[PDB]
$ cat my_file_25.txt   # compact mmCIF, C-alpha atoms and all ligand atoms
# COMPACT_ATOMS: atom_id res chain seq x y z
CA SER D 1 35.96 -69.56 14.54
CA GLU D 2 33.32 -71.76 12.92
CA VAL D 3 33.11 -74.64 10.47
CA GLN D 4 31.18 -74.46 7.21
CA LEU D 5 29.71 -77.39 5.33
CA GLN D 6 28.91 -77.03 1.64
CA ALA D 7 26.62 -79.85 0.56
CA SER D 8 25.56 -80.91 -2.93
CA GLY D 9 23.11 -83.48 -4.30
CA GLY D 10 19.53 -84.57 -3.88
CA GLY D 11 16.70 -85.27 -6.26
CA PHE D 12 13.69 -87.38 -7.20
CA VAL D 13 14.23 -90.98 -8.34
CA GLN D 14 12.29 -94.19 -8.65
CA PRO D 15 12.81 -97.28 -6.49
CA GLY D 16 16.12 -98.82 -7.47
CA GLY D 17 17.42 -95.39 -8.45
CA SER D 18 20.77 -93.98 -7.41
CA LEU D 19 22.00 -90.61 -6.10
CA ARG D 20 25.28 -89.24 -4.76
CA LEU D 21 25.54 -86.62 -2.05
CA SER D 22 28.70 -84.68 -1.33
CA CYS D 23 29.90 -82.49 1.48
CA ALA D 24 32.95 -80.24 1.77
CA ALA D 25 34.11 -79.00 5.17
CA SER D 26 35.92 -75.68 5.48
CA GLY D 27 36.80 -73.09 8.07
CA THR D 28 38.65 -73.74 11.29
CA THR D 29 38.28 -77.48 11.34
CA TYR D 30 41.69 -78.11 12.97
CA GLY D 31 42.30 -80.99 10.56
CA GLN D 32 39.44 -83.10 11.92
CA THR D 33 37.82 -85.44 9.40
CA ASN D 34 34.95 -86.99 11.39
CA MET D 35 32.18 -86.81 8.79
CA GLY D 36 28.89 -88.48 8.08
CA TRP D 37 25.26 -88.17 7.08
CA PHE D 38 22.08 -88.39 9.04
CA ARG D 39 18.61 -88.37 7.56
CA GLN D 40 15.23 -87.25 8.87
CA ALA D 41 12.31 -89.18 7.46
CA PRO D 42 8.84 -87.68 8.00
CA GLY D 43 7.50 -88.81 11.35
CA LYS D 44 10.59 -90.79 12.41
CA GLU D 45 13.49 -90.11 14.74
CA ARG D 46 16.62 -88.98 12.97
CA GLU D 47 18.67 -91.89 11.65
CA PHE D 48 22.43 -91.60 11.34
CA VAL D 49 23.12 -93.15 7.97
CA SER D 50 26.89 -93.35 7.76
CA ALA D 51 30.04 -92.03 9.40
CA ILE D 52 33.73 -92.05 8.55
CA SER D 53 36.82 -90.62 10.28
CA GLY D 54 40.43 -89.90 9.37
CA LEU D 55 42.17 -89.59 6.02
CA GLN D 56 42.25 -93.41 5.99
CA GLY D 57 38.57 -94.11 6.71
CA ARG D 58 38.59 -95.70 10.15
CA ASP D 59 35.51 -96.07 12.38
CA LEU D 60 33.35 -96.73 9.34
CA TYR D 61 29.68 -96.89 10.30
CA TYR D 62 26.49 -97.72 8.40
CA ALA D 63 22.95 -97.91 9.67
CA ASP D 64 21.57 -101.43 9.27
CA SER D 65 18.86 -100.08 6.95
CA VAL D 66 21.40 -98.95 4.32
CA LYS D 67 24.09 -101.64 4.54
CA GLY D 68 25.11 -102.95 1.14
CA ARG D 69 23.37 -100.06 -0.67
CA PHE D 70 25.04 -96.87 0.63
CA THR D 71 28.76 -96.16 0.58
CA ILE D 72 30.57 -93.28 2.22
CA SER D 73 33.96 -92.28 0.87
CA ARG D 74 36.56 -89.51 0.86
CA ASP D 75 38.54 -87.88 -1.86
CA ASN D 76 41.34 -86.23 0.08
CA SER D 77 42.24 -83.93 -2.90
CA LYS D 78 39.14 -81.89 -1.85
CA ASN D 79 38.39 -82.65 1.84
CA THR D 80 35.10 -83.77 0.29
CA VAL D 81 33.19 -86.81 1.47
CA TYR D 82 30.57 -88.57 -0.65
CA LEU D 83 27.57 -90.75 0.07
CA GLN D 84 26.77 -93.02 -2.86
CA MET D 85 23.14 -94.11 -2.44
CA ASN D 86 22.43 -97.13 -4.66
CA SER D 87 19.28 -99.24 -4.96
CA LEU D 88 17.22 -96.53 -3.31
CA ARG D 89 13.97 -97.57 -1.65
CA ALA D 90 10.74 -95.72 -0.91
CA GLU D 91 11.54 -95.62 2.81
CA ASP D 92 14.84 -93.85 2.03
CA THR D 93 12.71 -90.74 1.37
CA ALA D 94 14.00 -88.14 3.80
CA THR D 95 15.87 -84.92 4.27
CA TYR D 96 19.58 -85.80 4.31
CA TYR D 97 22.13 -83.76 6.28
CA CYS D 98 25.89 -83.81 6.03
CA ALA D 99 27.45 -83.75 9.51
CA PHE D 100 30.87 -82.75 10.80
CA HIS D 101 31.75 -84.13 14.24
CA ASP D 102 34.02 -81.65 16.06
CA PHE D 103 35.71 -83.47 18.94
CA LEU D 104 37.54 -80.34 20.09
CA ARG D 105 34.43 -78.17 20.34
CA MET D 106 32.16 -81.21 21.03
CA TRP D 107 29.96 -79.86 18.26
CA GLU D 108 28.01 -81.41 15.37
CA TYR D 109 27.85 -79.03 12.42
CA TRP D 110 25.09 -79.70 9.88
CA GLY D 111 25.04 -79.05 6.19
CA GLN D 112 21.94 -77.68 4.57
CA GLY D 113 19.42 -80.50 4.36
CA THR D 114 18.67 -81.92 0.92
CA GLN D 115 15.54 -83.80 -0.05
CA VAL D 116 15.77 -87.25 -1.57
CA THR D 117 12.45 -88.58 -2.80
CA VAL D 118 12.06 -92.18 -3.92
CA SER D 119 8.59 -93.00 -5.20
CA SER D 120 6.85 -94.92 -7.94
CA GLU F 2 19.72 -77.55 31.00
CA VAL F 3 21.11 -81.13 30.75
CA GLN F 4 23.29 -82.58 33.48
CA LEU F 5 25.26 -85.81 33.31
CA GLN F 6 26.36 -88.05 36.15
CA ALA F 7 28.82 -90.83 35.45
CA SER F 8 29.75 -93.83 37.52
CA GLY F 9 32.16 -96.71 37.39
CA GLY F 10 35.83 -96.68 36.51
CA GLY F 11 39.09 -97.22 38.33
CA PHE F 12 41.87 -99.82 38.20
CA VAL F 13 41.84 -103.26 36.48
CA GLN F 14 44.34 -105.99 35.68
CA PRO F 15 44.80 -106.75 31.95
CA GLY F 16 42.07 -108.89 30.46
CA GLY F 17 39.76 -107.55 33.18
CA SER F 18 36.36 -105.89 32.84
CA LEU F 19 34.79 -102.59 33.85
CA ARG F 20 31.29 -101.11 33.63
CA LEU F 21 30.77 -97.39 33.13
CA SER F 22 27.38 -95.78 33.39
CA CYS F 23 26.10 -92.33 32.56
CA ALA F 24 22.69 -90.89 33.40
CA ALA F 25 21.36 -87.77 31.71
CA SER F 26 18.87 -85.58 33.57
CA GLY F 27 16.93 -82.45 32.79
CA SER F 28 16.02 -80.84 29.47
CA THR F 29 16.94 -84.06 27.65
CA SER F 30 14.19 -84.68 25.07
CA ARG F 31 13.42 -88.25 24.28
CA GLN F 32 15.48 -88.11 21.03
CA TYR F 33 19.20 -88.08 21.66
CA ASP F 34 22.52 -89.86 21.31
CA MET F 35 24.76 -90.77 24.22
CA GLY F 36 28.13 -92.42 24.31
CA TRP F 37 31.70 -92.42 25.50
CA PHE F 38 34.92 -90.67 24.58
CA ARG F 39 38.34 -91.39 26.01
CA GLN F 40 41.44 -89.25 26.34
CA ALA F 41 44.86 -90.73 27.08
CA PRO F 42 47.74 -88.53 28.28
CA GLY F 43 48.75 -86.05 25.60
CA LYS F 44 46.02 -87.21 23.20
CA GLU F 45 42.77 -85.75 21.95
CA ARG F 46 39.32 -86.93 22.93
CA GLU F 47 38.80 -90.14 20.94
CA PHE F 48 35.37 -91.59 20.09
CA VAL F 49 34.65 -94.89 21.85
CA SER F 50 30.99 -95.80 21.42
CA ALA F 51 27.57 -94.23 20.94
CA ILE F 52 23.93 -95.28 20.99
CA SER F 53 20.77 -93.51 19.80
CA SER F 54 17.29 -93.38 21.23
CA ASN F 55 16.30 -94.49 17.71
CA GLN F 56 16.09 -98.18 18.09
CA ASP F 57 16.15 -98.78 14.35
CA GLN F 58 19.77 -97.65 14.77
CA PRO F 59 22.54 -100.11 15.73
CA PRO F 60 25.14 -98.82 18.22
CA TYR F 61 28.38 -97.35 16.90
CA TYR F 62 31.77 -98.62 18.12
CA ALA F 63 35.22 -97.29 17.27
CA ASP F 64 37.42 -99.86 15.53
CA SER F 65 39.73 -99.90 18.56
CA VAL F 66 37.00 -101.31 20.86
CA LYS F 67 34.71 -103.32 18.58
CA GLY F 68 34.12 -106.81 19.91
CA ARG F 69 35.21 -105.87 23.44
CA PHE F 70 32.93 -103.01 24.48
CA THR F 71 29.15 -103.15 24.54
CA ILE F 72 27.00 -100.08 24.93
CA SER F 73 23.41 -100.41 26.01
CA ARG F 74 20.61 -98.12 27.10
CA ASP F 75 18.07 -98.04 29.90
CA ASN F 76 15.50 -95.73 28.26
CA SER F 77 13.57 -95.98 31.55
CA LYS F 78 16.39 -94.11 33.28
CA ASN F 79 17.95 -92.06 30.43
CA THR F 80 21.08 -93.98 31.34
CA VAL F 81 23.57 -95.71 29.10
CA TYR F 82 26.07 -98.41 30.07
CA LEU F 83 29.46 -99.32 28.61
CA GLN F 84 30.52 -102.90 29.32
CA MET F 85 34.28 -102.87 28.76
CA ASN F 86 35.61 -106.43 28.49
CA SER F 87 39.11 -107.76 27.70
CA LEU F 88 40.68 -104.50 28.76
CA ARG F 89 44.28 -103.91 27.65
CA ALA F 90 46.93 -101.47 28.84
CA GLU F 91 46.17 -99.38 25.73
CA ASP F 92 42.64 -98.70 27.05
CA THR F 93 44.05 -96.63 29.91
CA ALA F 94 42.57 -93.13 29.65
CA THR F 95 40.13 -90.69 31.16
CA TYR F 96 36.72 -91.78 29.87
CA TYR F 97 34.01 -89.18 29.37
CA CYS F 98 30.29 -89.54 28.88
CA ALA F 99 28.70 -87.39 26.19
CA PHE F 100 25.09 -86.46 25.43
CA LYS F 101 23.50 -84.66 22.50
CA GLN F 102 19.80 -84.35 21.72
CA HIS F 103 19.02 -85.18 18.11
CA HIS F 104 17.96 -81.55 17.51
CA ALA F 105 21.10 -79.88 18.93
CA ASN F 106 24.50 -79.08 17.43
CA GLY F 107 26.26 -78.75 20.80
CA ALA F 108 26.99 -81.84 22.86
CA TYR F 109 27.08 -81.99 26.64
CA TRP F 110 30.44 -83.13 27.99
CA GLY F 111 30.50 -85.30 31.11
CA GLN F 112 32.93 -85.52 33.95
CA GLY F 113 35.94 -87.65 33.30
CA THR F 114 36.47 -91.06 34.85
CA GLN F 115 39.92 -92.59 35.18
CA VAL F 116 40.30 -96.10 33.72
CA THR F 117 43.74 -97.63 34.33
CA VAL F 118 44.61 -101.10 33.11
CA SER F 119 48.06 -102.26 34.14
CA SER F 120 50.27 -105.32 34.66
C1 LIG J 1 26.84 -87.85 21.91
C2 LIG J 1 27.94 -88.25 21.09
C3 LIG J 1 28.24 -89.48 21.03
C4 LIG J 1 28.73 -87.33 20.24
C5 LIG J 1 29.16 -86.12 21.05
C6 LIG J 1 30.01 -85.16 20.33
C7 LIG J 1 29.67 -84.96 18.89
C8 LIG J 1 30.44 -83.88 18.14
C9 LIG J 1 28.75 -85.83 18.29
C10 LIG J 1 28.08 -86.97 19.02
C11 LIG J 1 27.75 -88.09 18.03
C12 LIG J 1 26.41 -88.38 17.68
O1 LIG J 1 25.49 -87.65 18.22
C13 LIG J 1 26.09 -89.39 16.74
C14 LIG J 1 27.05 -90.15 16.13
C15 LIG J 1 26.68 -91.27 15.07
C16 LIG J 1 25.54 -92.12 15.34
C17 LIG J 1 25.57 -92.72 16.69
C18 LIG J 1 24.63 -93.81 17.11
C19 LIG J 1 24.10 -94.62 16.06
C20 LIG J 1 28.39 -89.89 16.46
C21 LIG J 1 28.74 -88.89 17.38
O2 LIG J 1 29.97 -88.64 17.67

$ encode --input "my_file_25.txt" --output "structure tokens"
Amino acid sequence: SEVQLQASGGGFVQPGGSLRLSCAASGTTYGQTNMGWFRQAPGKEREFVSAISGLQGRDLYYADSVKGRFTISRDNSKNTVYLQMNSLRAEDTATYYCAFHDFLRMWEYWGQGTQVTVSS
Amino acid sequence: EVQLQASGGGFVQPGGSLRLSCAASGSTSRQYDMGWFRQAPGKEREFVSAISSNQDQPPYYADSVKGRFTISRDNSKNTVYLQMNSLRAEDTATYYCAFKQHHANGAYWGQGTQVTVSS
């Protein structure tokens, strides 16, 4: 019928801090594993942070602004994907949303947004 | 309601080039993604490329087309272009344009365009 995304993570850190987000897809996913995160910074257009597809992590995508600092990964034991956010910067402050890209339904499911605040 | 109109596509010899275009009209906000999917016989819709109205955002290419396809936007016209170079027989498929505002969960699905590369 519908997909459900259970997200975890978020917090308040200082510049250079580190946080991990997680997202677990369930429901009638039909085995699709097209996952990612987008963020919504105050006053900006949404920015798709990272995407991954397949059990083997093809079509790996990172926004330029997070390359080298963010890593998306899967642990297939859980159908859980993770976003490791290292060396966080002030401009990373945003609401972060896990996304599930449904290419049967042509539908982007969103997790519950989670605030990440990076400030001195 | 959003409506999509595609153009381009057809038959090419291997190593040849094609240009697809897709123009979104209507309720399209200014904040949206557009891109291309392709579907070969007996296969699912496969992601090809996408581009955002956010120009801090670099375009996204599937591994299977990186280096050969180039997506670009005419914000003027709410129209995106896919420059498909060095086409191989494996690129043969119905290619579909797709559109999704940034605020929406449901994408709009465009009308398919045959791309056949052969011999
Ligand atoms: C309209 C496109 C391309 C599709 C349509 C179908 C679905 C389920 C989602 C859309 C989509 C994005 O909306 C955004 C991305 C990632 C970022 C792209 C550009 C940086 C992938 C992505 O499949």

$ interface_residues --input "my_file_25.txt" --of "chain F" --to "chain D" --cutoff "7 Å" --atoms "all atoms listed in the file" --output "JSON, numbers by chain"
{"F": [32, 46, 55, 58, 59, 61, 63, 64, 103, 106, 107, 108]}

$ residues_around --input "my_file_25.txt" --residues "residue D:114" --least-positions-apart "4" --cutoff "9 Å" --atoms "only C-alpha atoms" --output "ChimeraX atom specification"
/D:7-11,21,94-97

$ atom_distance --input "my_file_25.txt" --atom1 "atom CA of residue F:81" --atom2 "atom CA of residue F:68"
17.9 Å

$ closest_residue --input "my_file_25.txt" --among "D:69, D:22, D:2, D:90" --to "residue D:113" --atoms "only C-alpha atoms"
D:22

$ atom_distance --input "my_file_25.txt" --atom1 "atom CA of residue D:117" --atom2 "atom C21 of ligand LIG 1 (chain J)"
25.9 Å

$ atom_distance --input "my_file_25.txt" --atom1 "atom CA of residue D:98" --atom2 "atom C5 of ligand LIG 1 (chain J)"
15.5 Å
